[PDB]
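In what follows, a single structure is set out as structure tokens and then discussed.
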Amino acid sequence: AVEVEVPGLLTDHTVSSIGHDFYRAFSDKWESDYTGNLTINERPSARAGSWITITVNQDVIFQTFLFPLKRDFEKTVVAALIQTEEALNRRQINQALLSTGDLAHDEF
Numbered sequence: 001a002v003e004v005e006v007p008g009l010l011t012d013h014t015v016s017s018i019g020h021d022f023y024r025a026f027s028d029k030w031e032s033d034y035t036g037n038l039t040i041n042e043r044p045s046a047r048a049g050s051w052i053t054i055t056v057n058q059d060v061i062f063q064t065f066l067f068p069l070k071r072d073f074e075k076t077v078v079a080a081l082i083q084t085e086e087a088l089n090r091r092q093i094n095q096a097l098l099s100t101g102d103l104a105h106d107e108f
């Protein structure tokens, strides 16, 4: 490896009783092979909870719905970590993993 967590721009652009905690819960388990230039946005919608939308620099790559009465929040946080890199895995990480250390965990 010989690498350090130097880059990053995770901002608490979140204003919901669940979406404010998604910021902290995501960043507590966040890890990445790319430059890590991502931020977390939410839209509060009292019909159901919050929309969560993660953006890399200025571009959306993953988004999902959070619910405050349900217990999926932890699972939805952990799943957003994988789904954030799965957007970038065919954009740019594809050349890095092909050049040295192809995948062997979950192809399809």
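Numbering (PDB author numbering), first residue to last: 1 to 108. The beta carbon of each residue, even a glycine, is placed where N, CA and C say it ideally should be.
If the criterion is Cβ atoms closer than 8 Å, does the pair residue i and residue j meet it?
i: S27; j: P44; result: no
i: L69; j: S50; result: no
i: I52; j: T84; result: no
i: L81; j: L38; result: no
i: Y23; j: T35; result: no
Looking at the secondary structure, which residues open and close the beta strand (DSSP E) in which residue i lies?
i: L66; result: 59-66
Which two residues bound the contiguous alpha helix (DSSP H) that contains residue i?
i: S16; result: Segment: none, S16 is in no alpha helix (DSSP H) and carries neither H nor E.
i: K70; result: Here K70 belongs to no alpha helix (DSSP H), and DSSP marks it neither H nor E.
Return the chain-ordered ranges of every beta strand (DSSP E) run that is complete within the segment 18-54 and spans a minimum of 3 residues. As far as the segment 18-54 is concerned, its whole beta strand (DSSP E) runs of at least 3 residues are 38-45.
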